[PDB]
There are 2 protein chains.
Amino acid sequence: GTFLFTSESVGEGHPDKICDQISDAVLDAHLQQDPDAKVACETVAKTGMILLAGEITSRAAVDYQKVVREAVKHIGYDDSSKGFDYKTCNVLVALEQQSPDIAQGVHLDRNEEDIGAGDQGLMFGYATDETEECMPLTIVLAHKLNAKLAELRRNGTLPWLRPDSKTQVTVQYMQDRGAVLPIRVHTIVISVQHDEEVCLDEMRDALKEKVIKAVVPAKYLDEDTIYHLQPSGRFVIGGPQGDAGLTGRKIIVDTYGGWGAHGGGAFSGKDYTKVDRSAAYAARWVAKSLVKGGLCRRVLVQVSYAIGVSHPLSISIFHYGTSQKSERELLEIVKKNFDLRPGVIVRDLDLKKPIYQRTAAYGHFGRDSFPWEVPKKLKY
Amino acid sequence: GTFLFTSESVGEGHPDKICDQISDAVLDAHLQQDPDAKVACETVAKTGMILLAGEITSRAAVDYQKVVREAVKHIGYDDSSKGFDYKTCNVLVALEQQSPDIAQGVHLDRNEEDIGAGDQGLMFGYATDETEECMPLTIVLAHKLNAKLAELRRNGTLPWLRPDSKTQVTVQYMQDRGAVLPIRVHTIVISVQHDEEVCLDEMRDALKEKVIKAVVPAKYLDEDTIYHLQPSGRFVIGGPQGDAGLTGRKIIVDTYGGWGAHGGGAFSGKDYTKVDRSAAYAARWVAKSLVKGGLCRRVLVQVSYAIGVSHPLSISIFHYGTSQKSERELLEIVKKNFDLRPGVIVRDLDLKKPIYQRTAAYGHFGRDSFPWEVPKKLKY
Ligand SMILES: CN(C)c1nc(=O)n(-c2cccc(NC(=O)COc3cccc(-n4c(=O)nc(N(C)C)c5ccc(Cl)cc54)c3)c2)c2cc(Cl)ccc12
Ligand SMILES: C[S@@+](CC[C@H](N)C(=O)[O-])C[C@H]1O[C@@H](n2cnc3c(N)ncnc32)[C@H](O)[C@@H]1O
Ligand SMILES: C[S@@+](CC[C@H](N)C(=O)[O-])C[C@H]1O[C@@H](n2cnc3c(N)ncnc32)[C@H](O)[C@@H]1O
């Protein structure tokens, strides 16, 4: 009854993640001045270039050059030796107003609570009791390995590190009546951009001793564990110079690491009226409320919308066999306890607050007691 | 024990799908001349602009202006009145060689069968017996609604239609020992860009009578079915002018419409050495082979890779309770029947053939008897 499951994560300097962080720096800059900004900011990154493309209608006055360059500086791309420099890169802007046809169909002359969804689409929330934060262990560990690399880069412990990294964790699980229990780490991958001088053996030793052993409990590592550390052999070229990045190309890293399900929408660069983000956050909040409320050990929630319509078109629950209550009964508890209109989710989850850049690396879920991570006390 | 499930699809002129089709037009143009081209072509679209960004190492001589404009012409964006015109748009190119550090770690001086995965990552395959093609009914119907809009646009039936469209289908299902059986269509959304002259009532009537009734069997539609037809009320501005598009932002439309699982990787613009595409195609082939072989009614397959390593790091099977065989026994049948190294998948699935633009609208799976849709006869 044991099985393997694999999740990945990427670091703050992975080029896709650069784009998510910049898109959310732009969103936060707008929301600091105009809580009702309509923002749909995509970012593209390639050698020497950040391009902003999309639609923003806002009363804010935002200095895009400053906002983009400060985000890149924070990530750590500050010199041509590293492949990218916030001081000297090109910042190109192709931003227009929100389509008036979308505005009139979504929010023009609507009561806030009765604002339409900003698009159609489907969204999922997931929670699992295998960790306190109700996240899969594979993705938590993958994120923490990237965070550890950034910590050792920033504290000068491993000064050959650059910001672009990827990690991947395969866990052997057992099943218990549809719940899952981690047993051991079967395989770890780490790839991280590095300077021209450090040798492979020095990097592999440091990644095992100072990264993996610092993050992963010894009880999960044994003589069988497989390590793929700098498996390409050389990763000097990195960041956007090694690989073009785009906003919304890490949607599985952003959510559950492959567990549960995904409706396809990207989070970063979008205000609350874009249900791709707000309804996925609300669905996480529902799922985590069901698990912390003791109604199931793990659960998947689907919701869906039509553009211009406030109430969800569908709400669905899958409990993997981990509840005494039927999925019908759980769906009735959800409908009695939650209002998933976007103009209500914004109030419950405080989604005009400019905290979005903080969500755009290391996953949107399972961290920092954001509002969607604080369970609602359920009445039934 | 009934439940709702929702999937969406988008049309050929949805701005994200424009980008996927251009990325794959570029890939095909390279493969026509150099079957071993290394291609990683991202496309971005906004008003008046197609930008290509990424990495290509190829012996081909490709006219990017011609390839991009021909793809946009095929989609139907041929006049400023429609919001985009292949004849007059800007085509910008930011394409460099493949990173030499990736090349040396993946494929340089490797036997083809023993080429390394072109990246780490995780990928899933899915199949379900609810349709002959082993796809979920929700996503099949959503795709066919977009195809019907394009057909009636191209045959001049509904000359007010433009290429940008979205559809969404919610089906009520029953469960039968982990298999799922569609009962009825609960809700349909259609949004499609249109000309300045046609009125809402004319469009809603046509969408119901000439689109929905042409596609969806009457046995699924009843007095309760909910229709959201042009729910925004106005969609004259569309294509990249209404919404920026990027390659790899429709990964759930490309796969199973939310069913099964997704590892996060985009398909379009990538040659076979990028396991995001080749291993997802191979995992579909495995899943469909298990269902057509009578071993399960539905099944999810996970695989994962490390950059530079040929064999998968993990392979996993979830049969939703729909097999007499254990998931362990199914995994042993998979391992005895399939070799999921990328340099073997390329031979089994013929992945140097320039047919990729054909995959880049209406889903990659369940259509046209591509190699990954032809089940393998299993020995066990
Ligand atoms: C009620 N009914 C029948 C419904 N059926 C449905 O399929 N979905 C539904 C629809 C769309 C998508 C998904 N996505 C997933 O739940 C499947 O997802 C994953 C992902 C990642 C891992 C696993 N998974 C895993 O979790 N456990 C495993 N164990 C414990 C063996 C496992 C083993 C191997 C593998 Cl490859 C995967 C495994 C499974 C489910 C429903 C959704 C709703 Cl909201 C309501 C009702 C249903
Ligand atoms: C392998 S690249 C994707 C394929 C690439 N576009 C190509 O042209 O082959 C994806 C990610 O892997 C990482 N990467 C880049 N160069 C790498 C290298 N030399 N070794 C390992 N990983 C690398 C970076 O995080 C990058 O964003
Ligand atoms: C609603 S837009 C995403 C949000 C948009 N970026 C914004 O600025 O609000 C997503 C997709 O919906 C469709 N769309 C565009 N304008 C629309 C309209 N007026 N009514 C309905 N759907 C529309 C197009 O397919 C577009 O690519």
Side-chain angles (χ1 to χ4, degrees), chain A residues 5-25 27 75 123-151 163-171 182 188-190 215-216 245 247-270 276-288 291 298 300-301 349 351 355-374, chain B residues 120-122 251 261-265:
Chain A
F5 196 84
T6 299
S7 303
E8 72 178 351
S9 176
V10 308
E12 290 169 58
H14 176 286
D16 288 331
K17 236 67 195 71
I18 295 173
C19 291
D20 287 325
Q21 285 165 98
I22 291 167
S23 284
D24 280 335
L27 172 60
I75 290 165
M123 304 84 198
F124 296 91
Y126 181 75
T128 163
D129 68 352
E130 70 201 79
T131 58
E132 186 287 328
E133 60 262 48
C134 292
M135 291 293 286
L137 183 66
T138 53
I139 188 56
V140 172
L141 289 178
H143 289 315
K144 285 182 174 177
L145 287 170
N146 289 300
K148 181 63 58 180
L149 291 167
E151 178 191 357
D164 181 5
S165 64
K166 304 186 71 176
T167 67
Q168 191 178 275
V169 179
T170 305
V171 167
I188 299 173
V189 186
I190 300 178
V215 170
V216 180
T247 301
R249 284 285 291 273
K250 284 288 165 293
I251 75 185
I252 297 299
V253 165
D254 278 337
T255 55
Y256 305 104
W259 293 96
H262 203 297
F267 297 155
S268 292
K270 299 178 184 179
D276 279 334
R277 190 181 211 152
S278 58
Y281 287 7
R284 166 61 176 173
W285 185 40
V286 171
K288 192 175 182 183
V291 172
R298 65 185 184 130
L300 181 69
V301 179
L349 300 183
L351 294 183
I355 50 67
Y356 289 109
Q357 192 183 349
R358 296 175 49 199
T359 73
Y362 310 112
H364 292 240
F365 307 136
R367 307 188 287 108
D368 286 8
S369 302
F370 297 125
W372 48 96
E373 296 296 321
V374 179
Chain B
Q120 65 169 62
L122 49 143
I251 76 184
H262 204 294

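Side-chain atoms are counted along with the backbone in the values below, which use heavy atoms only and exclude waters and symmetry mates. Residue numbering restarts at 1 for every chain, and letters A, B, ... go by the order of the sequence lines.
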Begin with the C-alpha distance, continue with both residues' side-chain angles, and end with the deciding distance and a verdict on side chain to side chain contact (heavy atoms under 4.5 Å, CB included) for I251(B) and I251(A).
-> CA-CA 10 Å; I251(B) 76 184; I251(A) 75 185; 3.7 Å; yes
Please test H262(B) against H262(A) for side chain to side chain contact (heavy atoms under 4.5 Å, CB included), starting from the C-alpha separation and ending with a verdict.
-> CA-CA 7 Å; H262(B) 204 294; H262(A) 203 297; 5.6 Å; no
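Side-chain contact check for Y126(A) versus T255(A): every heavy-atom pair is 4.5 Å or farther apart. Side chains of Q168(A) and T6(A) form a contact here, defined as non-hydrogen atoms less than 4.5 Å apart. Counting only heavy atoms from C-beta outward, the side chains of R277(A) and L27(A) approach each other to under 4.5 Å. Under the 4.5 Å side-chain criterion, counting only non-hydrogen atoms from C-beta, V253(A) is in contact with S9(A). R284(A) has its side chain within reach of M135(A): a pair of non-hydrogen atoms, C-beta onward, lies under 4.5 Å apart. Side-chain contact between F267(A) and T359(A) is absent, with no heavy atoms from C-beta onward closer than 4.5 Å. Residues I190(A) and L149(A) form a side-chain contact, since some pair of their non-hydrogen atoms from C-beta on lies under 4.5 Å apart.
A donor-acceptor contact shorter than 3.5 Å is absent between the side chain of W259(A) and the backbone of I139(A). Side-chain atoms of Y356(A) come within 3.5 Å of backbone atoms of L351(A) as a donor-acceptor pair (strictly under, hydrogens ignored).
Between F365(A) and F370(A), the distance from one ring center to the other does not fall under 6.0 angstrom.
One finds no salt bridge joining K250(A) and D20(A) here, because no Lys/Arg side-chain nitrogen approaches an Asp/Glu carboxylate oxygen to under 4.0 Å. Note on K288(A) versus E133(A): no salt bridge recorded, every NZ/NE/NH1/NH2 to OD/OE distance being 4.0 Å or above.
The shortest non-hydrogen separation linking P182(A) to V171(A) is CB-CG1, 3.9 Å. Between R367(A) and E373(A), the closest heavy-atom pair is O-CG, 4.1 Å. Of all the heavy atoms in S23(A) and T247(A), the pair that sits closest is OG-OG1, 2.8 Å. Minimum interatomic distance between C134(A) and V291(A) (heavy atoms only, all atoms of both residues): SG-CG1, 3.9 Å. Residues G125(A) and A283(A) come closest through the heavy atom pair N-CB, 3.4 Å. Nearest approach of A361(A) to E12(A), heavy atoms of both residues: CB-CG, 3.9 Å.
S7(A) and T138(A) share a side-chain donor-acceptor pair at under 3.5 Å.
Considering only residues two or more places apart in sequence or on other chains, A279(A) meets the side chain to side chain contact (heavy atoms under 4.5 Å, CB included) condition with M123(A), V275(A), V303(A), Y305(A). With sequence neighbours left out, the side chain to side chain contact (heavy atoms under 4.5 Å, CB included) criterion links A147(A) to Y362(A). With sequence neighbours left out, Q357(A) forms a side chain to side chain contact (heavy atoms under 4.5 Å, CB included) with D24(A), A25(A), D28(A), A71(A).
Rounded to the nearest 0.5 angstrom, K17(A) NZ and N146(A) CG are separated by 10.5 Å. Separating the CZ atom in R358(A) from the CG atom in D368(A) is a distance of 5.0 Å, to the nearest 0.5 Å. Once rounded to the nearest 0.5 Å, the distance linking CG of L137(A) with NZ of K144(A) reads 8.5 Å.
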